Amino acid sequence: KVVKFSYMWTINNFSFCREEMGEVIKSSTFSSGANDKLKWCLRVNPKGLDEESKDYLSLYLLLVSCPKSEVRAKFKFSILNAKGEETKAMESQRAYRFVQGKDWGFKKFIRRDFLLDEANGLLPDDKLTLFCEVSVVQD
(Lines of atoms letter the chains of each structure in order from A and count residues from 1; the text may use other names and numbers.)
(Lines give C-alpha, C1' and ligand atoms only; values in the text may rest on other atoms or scores of the structure.)
Protein backbone atom coordinates (compact mmCIF):
# COMPACT_ATOMS: atom_id res chain seq x y z
CA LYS A 1 0.00 0.00 0.00
CA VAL A 2 3.00 2.43 0.18
CA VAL A 3 5.95 3.29 -2.05
CA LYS A 4 9.00 4.04 0.09
CA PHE A 5 11.91 6.27 -0.80
CA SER A 6 14.61 8.28 0.92
CA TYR A 7 16.78 11.35 0.40
CA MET A 8 19.86 12.91 1.99
CA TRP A 9 20.66 16.61 2.18
CA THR A 10 24.01 18.01 3.29
CA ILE A 11 24.05 21.59 4.50
CA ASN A 12 27.70 22.57 4.12
CA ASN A 13 29.31 25.12 6.43
CA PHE A 14 26.39 24.98 8.85
CA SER A 15 28.00 27.45 11.28
CA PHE A 16 27.92 30.07 8.49
CA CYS A 17 24.12 29.84 8.17
CA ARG A 18 22.86 33.14 9.64
CA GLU A 19 19.14 32.31 9.63
CA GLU A 20 17.44 33.64 12.75
CA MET A 21 14.25 32.58 14.47
CA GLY A 22 11.46 32.20 11.92
CA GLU A 23 13.84 31.98 8.93
CA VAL A 24 14.23 28.96 6.70
CA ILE A 25 16.94 26.96 4.90
CA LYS A 26 15.28 25.04 2.01
CA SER A 27 16.53 22.00 0.13
CA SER A 28 16.34 21.45 -3.58
CA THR A 29 13.42 19.38 -4.73
CA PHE A 30 13.59 15.60 -4.61
CA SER A 31 11.36 12.68 -5.43
CA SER A 32 11.08 8.90 -5.21
CA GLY A 33 12.80 8.30 -8.57
CA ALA A 34 13.15 9.77 -12.06
CA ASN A 35 9.61 8.74 -13.07
CA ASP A 36 7.95 10.19 -9.94
CA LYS A 37 5.60 13.10 -10.68
CA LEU A 38 5.65 14.37 -7.09
CA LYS A 39 8.16 16.94 -5.92
CA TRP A 40 9.15 17.35 -2.28
CA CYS A 41 11.53 19.62 -0.32
CA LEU A 42 12.87 19.81 3.20
CA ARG A 43 12.74 23.05 5.17
CA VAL A 44 14.86 23.65 8.27
CA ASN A 45 14.40 26.42 10.83
CA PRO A 46 17.78 26.34 12.57
CA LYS A 47 16.58 28.62 15.41
CA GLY A 48 12.97 27.51 15.38
CA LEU A 49 9.82 29.41 14.40
CA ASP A 50 8.98 31.54 17.43
CA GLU A 51 10.04 32.28 21.01
CA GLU A 52 8.72 28.96 22.40
CA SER A 53 10.68 26.95 19.79
CA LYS A 54 13.85 29.10 19.56
CA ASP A 55 15.84 26.41 21.45
CA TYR A 56 15.13 23.86 18.71
CA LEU A 57 15.97 23.19 15.13
CA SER A 58 12.66 22.53 13.33
CA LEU A 59 12.39 20.26 10.29
CA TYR A 60 9.55 19.96 7.78
CA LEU A 61 8.70 17.95 4.70
CA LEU A 62 6.99 20.14 2.07
CA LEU A 63 4.95 18.85 -0.87
CA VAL A 64 6.04 21.15 -3.69
CA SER A 65 4.05 19.58 -6.54
CA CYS A 66 1.44 16.87 -6.95
CA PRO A 67 -1.01 16.01 -9.77
CA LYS A 68 -4.14 15.46 -7.67
CA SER A 69 -5.66 17.30 -4.71
CA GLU A 70 -3.92 15.35 -1.91
CA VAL A 71 -1.13 12.92 -1.07
CA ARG A 72 -1.00 10.94 2.19
CA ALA A 73 2.48 10.11 3.49
CA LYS A 74 4.29 8.92 6.58
CA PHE A 75 7.82 10.20 7.10
CA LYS A 76 10.91 9.95 9.25
CA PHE A 77 13.86 12.30 9.66
CA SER A 78 17.32 11.66 11.07
CA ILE A 79 20.74 13.28 11.17
CA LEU A 80 23.69 11.40 9.70
CA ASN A 81 26.94 11.14 11.58
CA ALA A 82 30.46 11.41 10.08
CA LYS A 83 30.20 7.83 8.77
CA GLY A 84 26.87 8.62 7.03
CA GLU A 85 24.94 6.52 9.52
CA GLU A 86 21.52 7.37 10.95
CA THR A 87 21.44 8.66 14.41
CA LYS A 88 18.19 9.19 16.31
CA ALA A 89 15.22 9.57 14.16
CA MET A 90 11.87 11.19 14.64
CA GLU A 91 9.02 9.53 12.80
CA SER A 92 5.41 10.47 12.16
CA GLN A 93 2.93 8.45 14.22
CA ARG A 94 0.62 8.13 11.18
CA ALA A 95 0.33 9.29 7.59
CA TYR A 96 -0.49 12.99 7.16
CA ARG A 97 -2.56 14.63 4.44
CA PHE A 98 -0.44 16.81 2.19
CA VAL A 99 -1.72 19.13 -0.53
CA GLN A 100 0.41 21.19 -2.87
CA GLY A 101 2.28 23.75 -0.74
CA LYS A 102 1.59 22.04 2.62
CA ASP A 103 4.22 20.89 5.06
CA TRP A 104 4.29 18.47 7.98
CA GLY A 105 7.19 17.94 10.34
CA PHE A 106 8.47 18.46 13.84
CA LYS A 107 8.79 21.91 15.34
CA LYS A 108 10.90 20.38 18.12
CA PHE A 109 12.97 18.01 15.97
CA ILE A 110 16.18 18.47 17.94
CA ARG A 111 17.34 20.74 20.75
CA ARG A 112 19.97 23.21 19.53
CA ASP A 113 22.10 22.52 22.62
CA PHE A 114 22.13 18.80 21.71
CA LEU A 115 22.83 19.54 18.01
CA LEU A 116 25.70 21.90 18.85
CA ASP A 117 27.24 19.67 21.55
CA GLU A 118 30.51 18.29 20.15
CA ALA A 119 29.91 15.11 22.19
CA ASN A 120 27.06 14.09 19.88
CA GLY A 121 28.94 14.24 16.56
CA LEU A 122 26.02 15.69 14.58
CA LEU A 123 27.92 18.48 12.80
CA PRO A 124 31.04 16.69 11.51
CA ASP A 125 33.31 19.03 9.51
CA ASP A 126 30.69 21.76 10.05
CA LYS A 127 28.09 19.90 7.93
CA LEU A 128 24.52 19.10 8.88
CA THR A 129 23.35 16.08 6.91
CA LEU A 130 19.63 15.32 7.10
CA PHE A 131 18.12 12.05 5.98
CA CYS A 132 14.42 11.75 5.13
CA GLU A 133 12.49 8.55 4.50
CA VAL A 134 8.97 8.83 3.09
CA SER A 135 6.23 6.22 2.65
CA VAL A 136 3.70 7.55 0.14
CA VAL A 137 0.25 6.02 0.32
CA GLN A 138 -0.69 4.69 -3.16
CA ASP A 139 -4.05 5.92 -4.49
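Each residue number is its position in the shown sequence, starting from 1.
J.: Looking at the other compared entries that model residues on both sides of it, is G33 unmodelled in at least a third of them?
T.: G33: unmodelled in at least a third of the other compared entries.
J.: Between 80-88 and 26-34, name whichever shows the higher mean Cα B factor according to the PDB entry.
T.: The stretch with the larger mean CA B-factor is 80-88.
J.: Comparing average C-alpha B factors as deposited, tell me which of 119-127 and 12-20 sits higher.
T.: Averaged over C-alpha atoms, the B-factors run higher in 12-20.
J.: Check the PDB entry and point out which of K102, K107, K54, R72 has the largest C-alpha temperature factor.
T.: That would be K54.
J.: Ranking every modelled residue in this chain by its Cα temperature factor as given in the entry, which third contains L63?
T.: CA B-factor rank for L63: lowest third.
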